[PDB]
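Here is the structure we will look at, set down as structure tokens.
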Amino acid sequence: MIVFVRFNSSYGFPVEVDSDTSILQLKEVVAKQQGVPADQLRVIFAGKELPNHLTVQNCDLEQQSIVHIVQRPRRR
């Protein structure tokens, strides 16, 4: 699958994932891109904040889903 990952942007970049990809691994893509620690990131999908240990097969993510990755803490 491709999942789109939107961080501090109007658009999400395409990420090749599979059924075994965890939310944590997904955060680490952004962590490494943006130089933010993964424990300061959160994944929001279709009004659910998804925890680190969930995998793609164990949540509602599917082909071409878009997730919004946000920073916590961050100055509002």
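All residue names refer to the structure tokens as shown: chains lettered A, B, ... in order, residues numbered from 1 in each chain, ligands numbered from 1 in order.
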Report as JSON, numbers by chain: the residues of chain A with a DSSP assignment of strand (DSSP E), based on the backbone of this structure.
{"A": [2, 3, 4, 5, 6, 7, 13, 14, 15, 16, 41, 42, 43, 44, 45, 48, 49, 50, 66, 67, 68, 69, 70, 71]}
Just N, CA and C atoms for this one: save the residues we selected as a PDB file, in the first residue's frame.
```pdb
ATOM      1  N   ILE A   2       0.244   2.353  -0.461  1.00  0.00           N
ATOM      2  CA  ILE A   2       0.748   3.732  -0.249  1.00  0.00           C
ATOM      3  C   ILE A   2      -0.166   4.335   0.802  1.00  0.00           C
ATOM      4  N   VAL A   3       0.429   4.977   1.798  1.00  0.00           N
ATOM      5  CA  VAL A   3      -0.273   5.811   2.720  1.00  0.00           C
ATOM      6  C   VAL A   3       0.347   7.248   2.534  1.00  0.00           C
ATOM      7  N   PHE A   4      -0.470   8.291   2.558  1.00  0.00           N
ATOM      8  CA  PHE A   4       0.117   9.662   2.432  1.00  0.00           C
ATOM      9  C   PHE A   4       0.337  10.238   3.791  1.00  0.00           C
ATOM     10  N   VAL A   5       1.495  10.868   3.967  1.00  0.00           N
ATOM     11  CA  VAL A   5       1.877  11.376   5.278  1.00  0.00           C
ATOM     12  C   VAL A   5       1.994  12.926   5.222  1.00  0.00           C
ATOM     13  N   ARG A   6       1.088  13.625   5.909  1.00  0.00           N
ATOM     14  CA  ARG A   6       1.055  15.087   5.940  1.00  0.00           C
ATOM     15  C   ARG A   6       1.591  15.609   7.257  1.00  0.00           C
ATOM     16  N   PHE A   7       2.708  16.287   7.215  1.00  0.00           N
ATOM     17  CA  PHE A   7       3.296  16.903   8.441  1.00  0.00           C
ATOM     18  C   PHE A   7       3.581  18.388   8.141  1.00  0.00           C
ATOM     19  N   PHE A  13       2.994  13.306   1.683  1.00  0.00           N
ATOM     20  CA  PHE A  13       3.897  12.540   0.826  1.00  0.00           C
ATOM     21  C   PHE A  13       3.649  11.030   0.861  1.00  0.00           C
ATOM     22  N   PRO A  14       3.885  10.331  -0.277  1.00  0.00           N
ATOM     23  CA  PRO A  14       3.489   8.929  -0.370  1.00  0.00           C
ATOM     24  C   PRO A  14       4.535   8.029   0.291  1.00  0.00           C
ATOM     25  N   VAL A  15       4.035   7.121   1.110  1.00  0.00           N
ATOM     26  CA  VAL A  15       4.900   6.196   1.856  1.00  0.00           C
ATOM     27  C   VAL A  15       4.435   4.776   1.592  1.00  0.00           C
ATOM     28  N   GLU A  16       5.363   3.947   1.115  1.00  0.00           N
ATOM     29  CA  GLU A  16       5.068   2.536   0.846  1.00  0.00           C
ATOM     30  C   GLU A  16       5.091   1.805   2.152  1.00  0.00           C
ATOM     31  N   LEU A  41       5.809  12.974  18.286  1.00  0.00           N
ATOM     32  CA  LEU A  41       4.958  12.962  17.121  1.00  0.00           C
ATOM     33  C   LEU A  41       3.731  12.137  17.418  1.00  0.00           C
ATOM     34  N   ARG A  42       2.623  12.457  16.741  1.00  0.00           N
ATOM     35  CA  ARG A  42       1.394  11.701  16.857  1.00  0.00           C
ATOM     36  C   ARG A  42       0.795  11.485  15.470  1.00  0.00           C
ATOM     37  N   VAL A  43       0.174  10.339  15.283  1.00  0.00           N
ATOM     38  CA  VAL A  43      -0.462  10.010  13.983  1.00  0.00           C
ATOM     39  C   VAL A  43      -1.992  10.110  14.136  1.00  0.00           C
ATOM     40  N   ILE A  44      -2.603  11.009  13.367  1.00  0.00           N
ATOM     41  CA  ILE A  44      -4.079  11.148  13.343  1.00  0.00           C
ATOM     42  C   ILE A  44      -4.669  10.679  12.008  1.00  0.00           C
ATOM     43  N   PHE A  45      -5.564   9.699  12.102  1.00  0.00           N
ATOM     44  CA  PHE A  45      -6.144   9.116  10.954  1.00  0.00           C
ATOM     45  C   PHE A  45      -7.657   9.115  11.025  1.00  0.00           C
ATOM     46  N   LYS A  48      -9.065   9.469  14.547  1.00  0.00           N
ATOM     47  CA  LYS A  48      -8.549   8.556  15.567  1.00  0.00           C
ATOM     48  C   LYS A  48      -7.069   8.910  15.680  1.00  0.00           C
ATOM     49  N   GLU A  49      -6.612   9.237  16.882  1.00  0.00           N
ATOM     50  CA  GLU A  49      -5.159   9.213  17.109  1.00  0.00           C
ATOM     51  C   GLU A  49      -4.686   7.748  17.361  1.00  0.00           C
ATOM     52  N   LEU A  50      -3.845   7.243  16.455  1.00  0.00           N
ATOM     53  CA  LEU A  50      -3.389   5.831  16.470  1.00  0.00           C
ATOM     54  C   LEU A  50      -2.111   5.618  17.279  1.00  0.00           C
ATOM     55  N   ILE A  66      -4.839   8.877   3.989  1.00  0.00           N
ATOM     56  CA  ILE A  66      -3.942   9.988   4.370  1.00  0.00           C
ATOM     57  C   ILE A  66      -3.953  10.150   5.882  1.00  0.00           C
ATOM     58  N   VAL A  67      -2.783  10.265   6.494  1.00  0.00           N
ATOM     59  CA  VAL A  67      -2.683  10.539   7.939  1.00  0.00           C
ATOM     60  C   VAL A  67      -2.025  11.932   8.122  1.00  0.00           C
ATOM     61  N   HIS A  68      -2.407  12.587   9.221  1.00  0.00           N
ATOM     62  CA  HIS A  68      -1.911  13.834   9.628  1.00  0.00           C
ATOM     63  C   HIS A  68      -0.993  13.567  10.819  1.00  0.00           C
ATOM     64  N   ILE A  69       0.288  13.823  10.638  1.00  0.00           N
ATOM     65  CA  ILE A  69       1.270  13.687  11.713  1.00  0.00           C
ATOM     66  C   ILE A  69       1.468  15.095  12.324  1.00  0.00           C
ATOM     67  N   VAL A  70       1.248  15.190  13.642  1.00  0.00           N
ATOM     68  CA  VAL A  70       1.378  16.446  14.398  1.00  0.00           C
ATOM     69  C   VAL A  70       2.431  16.285  15.496  1.00  0.00           C
ATOM     70  N   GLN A  71       2.900  17.424  15.971  1.00  0.00           N
ATOM     71  CA  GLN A  71       3.911  17.528  17.027  1.00  0.00           C
ATOM     72  C   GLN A  71       3.280  17.835  18.377  1.00  0.00           C
TER      73      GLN A  71
END
```
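With distances restricted to only C-alpha atoms, A:47 is the closest residue to residue 60 in chain A from A:73, A:47, A:12, A:37.
Put simply, CA of residue 28 in chain A is 12.7 Å away from CA of residue 53 in chain A.
Contact shell of residue 22 in chain A at 12 Å (only C-alpha atoms; same-chain neighbours under 6 positions omitted): residues 28, 29, 43, 50, 51, 52, 53, 54, 55, 56, 57, 58, 59 and 61 of chain A.
Residue-level DSSP output for chain A, from the backbone, shows helix (DSSP H, G or I) at residues 23, 24, 25, 26, 27, 28, 29, 30, 31, 32, 33, 34, 38, 39, 40, 56, 57 and 58 of chain A.
For the atom pair formed by CA of residue 40 in chain A and CA of residue 63 in chain A, the distance is 26.0 Å, given to one decimal.
CA of residue 30 in chain A to CA of residue 75 in chain A spans 18.8 Å [interatomic distance, one decimal].
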